[PDB]
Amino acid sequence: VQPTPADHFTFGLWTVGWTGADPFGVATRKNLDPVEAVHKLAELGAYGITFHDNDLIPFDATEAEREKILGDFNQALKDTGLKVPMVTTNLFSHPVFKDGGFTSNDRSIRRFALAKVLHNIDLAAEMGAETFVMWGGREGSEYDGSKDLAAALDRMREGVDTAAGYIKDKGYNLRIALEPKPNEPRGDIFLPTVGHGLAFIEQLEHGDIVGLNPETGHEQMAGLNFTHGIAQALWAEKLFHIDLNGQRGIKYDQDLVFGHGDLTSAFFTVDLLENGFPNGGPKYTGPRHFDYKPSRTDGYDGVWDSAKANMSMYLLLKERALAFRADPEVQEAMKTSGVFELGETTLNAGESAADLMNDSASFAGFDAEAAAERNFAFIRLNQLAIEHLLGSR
């Protein structure tokens, strides 16, 4: 397994550049030069790089400074051929954002936040990005009376719809991807799961260019099944981008390497990205992006190790996932279990409610006890999947 740019593996600057500072300690690694991030990742097999405005350009940078930094970064990009498919904004690190950007209680903060996003849409568009991700990490509260909850959503809506109107007006080839997280840094974050993100989008004036950016560890922090959540996002055609990593349980955001958390769940996500749905349906085509953090115990040899571990893990899972579905035994098991019968509509062509209620065979004389005897054999289909995952098959 060796990644090629054809694989479409993307990494954030903040991922391999994460310096190690956590809540109980200081950084354990020196800052990463962006030029070096670009060059290193291009030699590993990366397709592209992604960043937050302040990963690159300091908050306080003068114009001369900004210009140099950008000339350095664009240079690096030209030299290596790396694409910039997604750009995001930092609305969580400066003290000004302690109560949120878009949903701050303070109105002047709300406007600075939105100003900071619009300017960043411009940059994103100069960089050639197709996706604009929003992670509202400071939107929310520790306490239940701190917010007017209906007003928190109107403020959110105002922000996101102003950003979208501006894309439409400028003619930029950008789509917005919202990224859910249930908690941390706030005790409760607004629009905590894929479900809440998808709902909110339907109340937006310009929701057609607004979709999701689910992260594997984020949905697992609320104990949900990542594979089910992206399946609903795909089903509604709102899966615009995806962040892969690992999480080992309901706790702080670990941001481990993809496959370093729940393995079987990783296998099944790769099967859904690569094979689509058993009966047909939309398929995901964008970047396979890694929003992870190299453990702080490791030095720089560890950082490029981890980066490479992400693309390896994925490729290994993919090989198993493709062998899994190509196995005849696995296809037989699938049929037995009624994985293909689920895809047939319940009603017959032009049969209505009334006609169904009246079909005697379907209700009044249905032999419920007899139908209850089917052996779905779900245990056996899961066993076959694990056996292909362990490559013992």
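Residue numbers here begin at 1 and follow the sequence given.
Report the stretch with the higher mean CA temperature factor, choosing between 43-51 and 351-359 on the basis of the entry.
Looking at the record's C-alpha B-factors, the answer is 351-359.
Mean Cα B factor from the PDB record: higher for 168-176, or higher for 153-161?
Comparing averages over the C-alpha atoms only gives 168-176.
Tell me which of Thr131, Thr285, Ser146, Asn213 tops the list for C-alpha B factor in the record.
If I rank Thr131, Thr285, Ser146, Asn213 by C-alpha B-factor, first place goes to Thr285.
From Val26, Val35, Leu56, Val339, which pick has the Cα B-factor that tops the rest in the entry?
Highest CA B-factor of the listed options: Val35.
Is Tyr300 in the lowest, middle or highest third of its chain when residues are ranked by C-alpha B-factor?
It belongs to the highest third of the chain when residues are ordered by C-alpha B-factor.
Going by the recorded CA B-factors, say which third of the chain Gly281 sits in, lowest, middle or highest.
For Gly281, the deposited C-alpha B-factor lands in the highest third.
Third assignment of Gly71 from its chain's C-alpha B-factors
Its C-alpha B-factor, which the entry lists for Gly71, ranks in the highest third among residues of this chain.
Relative C-alpha B-factor of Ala233, binned into the chain's lowest, middle or highest third
For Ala233, the deposited C-alpha B-factor lands in the lowest third.
Relative to the other modelled residues of the same chain, rank the CA B-factor of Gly249 and answer lowest, middle or highest third.
It belongs to the lowest third of the chain when residues are ordered by C-alpha B-factor.
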